[PDB]
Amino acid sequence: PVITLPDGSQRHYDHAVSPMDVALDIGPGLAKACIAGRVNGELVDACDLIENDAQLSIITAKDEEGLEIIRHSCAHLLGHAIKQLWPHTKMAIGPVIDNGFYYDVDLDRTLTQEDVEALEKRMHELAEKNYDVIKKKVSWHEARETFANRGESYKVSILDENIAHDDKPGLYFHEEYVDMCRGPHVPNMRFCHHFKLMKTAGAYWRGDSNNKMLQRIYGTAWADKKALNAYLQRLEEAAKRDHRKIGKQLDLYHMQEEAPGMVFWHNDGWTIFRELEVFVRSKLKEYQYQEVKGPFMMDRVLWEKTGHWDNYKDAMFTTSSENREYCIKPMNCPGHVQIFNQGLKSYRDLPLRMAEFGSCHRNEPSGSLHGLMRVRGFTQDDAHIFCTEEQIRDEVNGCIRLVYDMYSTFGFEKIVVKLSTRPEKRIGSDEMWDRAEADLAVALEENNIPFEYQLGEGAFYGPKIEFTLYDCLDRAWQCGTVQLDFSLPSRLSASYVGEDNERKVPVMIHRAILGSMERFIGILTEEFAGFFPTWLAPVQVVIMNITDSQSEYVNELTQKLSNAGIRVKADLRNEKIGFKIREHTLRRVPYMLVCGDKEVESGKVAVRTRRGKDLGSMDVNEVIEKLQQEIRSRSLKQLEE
């Protein structure tokens, strides 16, 4: 066939060739770097034959794809070893994953951190042998036969219920060991030297909490020892960014055994919270919303009417009086509708935008609590928009804009967008869902927002647009969201009066921009690593003296800053100016004002950043204008940087 290489060059062969064969033909080096090849776009083992013309490319550890191939092979290496150490182990699923791979295994013996260390040792041993990985395509029968005779019940299920009974599934052979799933594998283990097992945990078979929980063993793997070590290094650096840490170090809040999953906001944490509170408010005024507030508990009936009670009563908290059962609200929808139902609304009142910083309480899974990210009590910055279907487009778009508008103040660079389509269990006609799904989609496109569908998610009453942010270790956390609801306002019997003097049920849009205030603070803390932007900073300025001398000057100096609207505390402790500077820089204070005699009756003040950067002595009234400005504009960077 004729082969066309990355440089347009062509090569002619009179019989089927493999990318490996072609590799040699090109050079002994490239041949030796070969892991796999990319033929006419698809990825195939370097040993697969290329019958007809094709565009070739050799996959090398330089390739992002090689990396994954390598990681996948290590996953097989683990199976190889694991089976030598405890031959009764059943292999389930072992896939590549970000930074590595894992393997779910059914073993009737709880793997201790000692065993996991024994495994990694055996593992490194087999990989050093540098053996060859051999591929062999076969019938869906001998393949089944193979694993049935090997005792692998799981590989069998996958085989007879996930693979076309009329297939030539390829088996991979690592000396005595055999695995069999797609994606190309390594030529020989010479490429699988750098790797390390990490954690281990239970994982349900096939993701169902009703199935058996197997043991999942996680690992990392790279092309070179450098890359691997830089990774582990990155993990360490990441741990110093965790909000639970910084949170404690900076005294932002705490939680206790007696109120699991409920935050106690200490003064400094609450300053941050109240700050986002005014920030949001300023935005609600622009986009023109009303701000209301409803009760914390309401008669359960309201949740029965919407259907929430049936689908979520076990994740809901309730209370009782002699003659009444209440619900501590899980969300603010029903209560806002209650307000809507107050007078008589006409089509002239729409679109009605009603917002609330509402306190939600949900009884989350005990195993799911996570710092400020996943709590049992939180405050949602949500709002519900009551409008006519004609107004949807315009309204949804308004939301989309508001989201990126706000996230841009914090300079987030990774916002991924999802479109959650109808769940299996929902309410509403299939015509309704198409209406809704398409409306969101279109609004997304009309705004040029790339996104992926997420089949199955989406509230029982409507589809959702989910904006998700990431944390220190790149885990996903849903934040802003937009739901299109055509079913609830009717169950809660809400209506306006149309032109024809007829009653119409409004279209309701549920939307939150930050998500929950606790989870957003969770995210900001890790984004700034505790180095909050002057406007969000608990304490903005610390003014210190060097000796009693300057003290009386420092006080009226700090007082001057307070009357100017700057969160400023005065450090007059009898200690070394160096002891102080260390403290507050550690505590992440943005600006530190120093006062030696040279400043006292000299007017000025000695300004320095927390990044470390003497800005030199400057004019009082000037540092004030300068800060009030940094603040007023909620800027990410500080003075002269």
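Residue numbers run from 1 along the displayed sequence.
Taking only CA atoms, the mean B-factor in the PDB entry is higher for 615-623 than for the other of 20-28 and 615-623. Comparing 150-158 with 473-481, the stretch with the higher mean C-alpha B-factor in the PDB entry is 150-158. Looking only at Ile546, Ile513, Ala355, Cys360, the residue with the top Cα B factor in the deposited structure is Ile546. The entry lists C-alpha B-factors for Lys168, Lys418, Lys293, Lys212, and the highest of these is at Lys168. Residue-level temperature factors show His141 in the highest third of its chain, judged at the C-alpha atom. The entry lists a Cα temperature factor for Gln113 that places it in the highest third of the chain's modelled residues.
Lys225: CA B factor in the middle third of modelled residues in this chain (values from the PDB entry).
Per the PDB record, residue ranking by Cα B-factor puts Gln380 in the lowest third of the chain. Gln540 sits in the middle third of its chain by CA B factor, as recorded in the PDB entry.
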